[PDB]
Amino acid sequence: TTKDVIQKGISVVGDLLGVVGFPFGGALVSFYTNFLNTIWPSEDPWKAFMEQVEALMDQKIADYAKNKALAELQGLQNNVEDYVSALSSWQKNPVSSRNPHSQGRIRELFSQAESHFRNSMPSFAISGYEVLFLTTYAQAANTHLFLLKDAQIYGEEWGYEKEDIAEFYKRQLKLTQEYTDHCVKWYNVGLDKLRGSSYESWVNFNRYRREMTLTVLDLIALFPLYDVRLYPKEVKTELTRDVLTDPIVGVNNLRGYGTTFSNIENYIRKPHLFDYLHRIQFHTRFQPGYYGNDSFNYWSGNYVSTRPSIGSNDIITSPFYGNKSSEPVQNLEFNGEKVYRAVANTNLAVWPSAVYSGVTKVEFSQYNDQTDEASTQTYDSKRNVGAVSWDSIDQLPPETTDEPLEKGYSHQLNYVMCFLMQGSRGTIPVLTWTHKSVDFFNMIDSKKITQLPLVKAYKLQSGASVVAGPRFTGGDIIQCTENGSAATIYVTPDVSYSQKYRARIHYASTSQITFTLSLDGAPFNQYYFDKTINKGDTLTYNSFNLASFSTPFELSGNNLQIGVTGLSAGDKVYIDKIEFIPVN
């Protein structure tokens, strides 16, 4: 259920990933038309976003608050549409038909929409309904900010005063912080509200976490890239966070046998350097039916092997999960393949005073980006398979329903983990997924500003570690507690000639520090950076700073090493991303 809003959520993020930073006019208009068809066509999507959280929270918005919100939204729609049509005409029309009279028409349409947004936002955040309005607020906030950046692109062309463009920019800065902080704060309130002790508690908890990631968290991660002054070129970026699909079960009610909240949540993958699905070892067991004829085999346990980020080739193999095989082991290899879908069969045996159910068949859809070919690999228990009951597409829809799945998919398989039911009545498999935007090669684009997340490193050192992200960065971060090296990341230059770059770093620090950059063990850049936080502070939007290194450099190697010095006992440095700016 709710796949509709989940798809819209996924699609917007996917489209925005193409117009992030300073976009070319044609691309900006194109985006806007889809945007209007997706998010701003009628009150239906907005109504669906409110219903979405109501379903996750098992709470309702007071009718009065629901009606006002919808009213504001109808008005905002007209503002957005009137604006886009005019913007479309502006781009299309030659630099001749631009008279003072048409400039004023676009200027006031723009001022209206922007003003209407600031006035309406509080309606999507009324006391006691903050969490329930979350997806609505996130989507409205996004529109407001995306709208705002246009003033820095076309401001002068439209004939706005220098003072006006500046006013818009400051307003954009303040709101990026507010909207981001608001979303994280309430996201967490919602998350904590769903923590329980039962298996059913965890499913709801994790469903909320996944759905809020797709509709809210991924979105707010893009906000800073709307600053066309800081990002005066197109931006190449990616989302590195994990999402867990609902557990694959044969029955709707486990009658108490479901794995406990703690036995699931405390065992799912902890903050880790980025990696890819390499291999899966399926373990099968025989489940006897009370009458023999109703028996079946089922997936009892597994092993998982991942390959690290580019630059390292040592395969990571997981501990054993679940129950050892009674039947012959099945092995599936994925070297290079991208799993964009997983469809499962389940079966059940009804005993006089017990019900036994398990995952009997799993069909994986894979795509080979090298040989540009799709295919399938499947796990089969071999005894009494039953019918399909679980399809990843229902939870992780494609970015586009335009192209074929092997092209339009939004996520790929990263992890597989088997949990044991209480009193060992069966096995519950859980699948982890990663976003399609992740570039395996860590390629530095020669025409764009490239954002490189530190979790893409292949090697950590001097006691650096992967820590849970502050929820607004699109992934996890690196924590540095000691003076010395910290991380080594492998980089792929996209051009052969001596292209020069400037580097920028997105970090948080308890003290004034020094960052040093090395290529293949040789230092090339070293600079001084400001303190951004106090010891023990919590990480909010303002905690991070984006600072440039002075000197330009060429990519005369592949192994980029970031080192830190100037730390004292108790000091901490958090690194989010490294950026590369193509320079002449």
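We number the residues from 1 along the sequence you see.
According to the PDB record, 285 to 293 carries the higher mean C-alpha B-factor of the two stretches 453 to 461 and 285 to 293. Taking the PDB entry as given, 35 to 43 carries the higher mean Cα B factor of the two stretches 519 to 527 and 35 to 43. Sorting 192, 227, 234, 372 by the CA temperature factor given in the entry leaves 372 at the top. Within the group 128, 250, 386, 469, the record's highest C-alpha temperature factor is found at 386.
Placement of the Cα temperature factor of residue 490 within the chain: middle third of the modelled residues, per the deposited record. In the PDB entry, a CA B factor belonging to the middle third of its chain's modelled residues is recorded for residue 23. Per the deposited record, the Cα B-factor of residue 532 falls in the lowest third when ranked against the other modelled residues of its chain. Sort the chain's modelled residues by C-alpha temperature factor and residue 541 lands in the lowest third, per the entry. Compared with the other modelled residues of the chain, the Cα B-factor recorded for residue 408 ranks in the middle third.
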